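1. Experimental structure and its sequence below.
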Amino acid sequence: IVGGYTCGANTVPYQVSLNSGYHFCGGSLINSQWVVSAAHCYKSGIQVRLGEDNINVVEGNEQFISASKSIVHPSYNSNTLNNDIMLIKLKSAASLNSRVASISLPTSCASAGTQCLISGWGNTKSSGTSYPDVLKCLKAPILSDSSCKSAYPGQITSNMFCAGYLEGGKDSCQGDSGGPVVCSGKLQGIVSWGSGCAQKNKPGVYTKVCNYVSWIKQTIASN
Ligand SMILES: N=C(N)NCCCNC(=O)[C@@H]1CCCCN1C(=O)[C@@H](CC1CCCCC1)NCC(=O)O
Ligand SMILES: [Ca+2]
């Protein structure tokens, strides 16, 4: 997260860290047994880490659970990142508590202008590399689809939306992938892609979760 702020230990209890010997992507707990992340974060051998703040220090509120199965969206296109969403099931249910909680799915999509909270352990430098060990947060509004499509001509589909600032300075970045974009208490987005980080006229692009609610519900009930 570039231009963001330290969230504060466990203030975003639904945030998860996907670990394969190291943290490689973020994710969101939707219930005691299921996590939603980005399809491009797909990998074999994933351990889901919950109740995390500093990812390099065992602080006492963590829950480390292995993934039993991963399901990438049937229409995921790795070339364009359209349908960038994947569901991960935990080998055993997590114990929900004040520091480990699930995030609600949207009943409807949000509109441009709505403020959202994006979080992660990704790079904090636009022109450089510096990875924080504690969770970073960023408040940013959903931008109009016209602003989004003007920035990325011919690359934005109906399954995507832009969020951030056209002036640059604040944006998600490498390492934030798969992380949550929560607006009005609902999971509205998943950190997907962008062009660099915090660059003028190059906002972040996110998977539009509201379009996948039915798929999510059907898939988790049958697995
Ligand atoms: N930058 C912002 N605002 N948010 C960070 C999102 C992180 N996602 C990626 O880096 C993804 C991860 C999967 C590989 C690609 N990669 C990118 O962002 C690519 C985007 C392109 C990949 C192929 C489909 C078209 C878009 N580029 C990164 C960059 O431009 O720096
Ligand atoms: Ca820790």
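-> Received the coordinates, thanks. Residues are numbered from 1 along each chain as shown. Ligands and ions are numbered 1, 2, ... in the order given.

2. and stretch 168-176, does that touch ligand 1?
-> Yes: residues of stretch 168-176 contacting ligand 1 under CB under 6 Å from any ligand atom: 171, 172, 173, 174, 176. Every C-beta, even on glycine, is put in place using the N, C-alpha and C of the backbone.

3. Now list the buried members of the residues you listed.
-> Buried by 16 or more other CB atoms under 10 Å: 171, 172, 173, 176, out of these.

4. Which of those residues sits closest to residue 222?
-> Of all these, residue 222 sits closest to residue 176, with 30.1 Å by CB to CB.

5. right, and that closest one touches residue 118 too?
-> Yes: counting by CB atoms under 8 Å, residue 176 touches residue 118, with 7.3 Å between them.

6. who touches the single nearest residue of the chain relative to ligand 1 in this structure?
-> Nearest residue of the chain to ligand 1, counting by CB to the nearest ligand atom: residue 194, 2.5 Å away. Shown in contact with residue 194 (CB atoms under 8 Å, 6 or more residues apart in numbering): 171, 172, 173, 202, 203, 204, 205.

7. just checking, which of those residues belong to helices?
-> Assigned to helices by DSSP state H, none of these qualify.

8. for these, which one is nearest residue 51?
-> Within these, the smallest distance to residue 51 is 22.0 Å, found for residue 172 (CB to CB).

9. ok, and for stretch 210-223, which residues are buried?
-> Neighbour-count burial for stretch 210-223, counted by 16+ other CB under 10 Å, picks out 210, 211, 212, 215, 216, 219, 220.

10. returning to what we had before: identify, from the contacts of residue 194, the entry nearest to residue 21.
-> Of all the contacts of residue 194, residue 21 sits closest to residue 173, with 21.5 Å by CB to CB.
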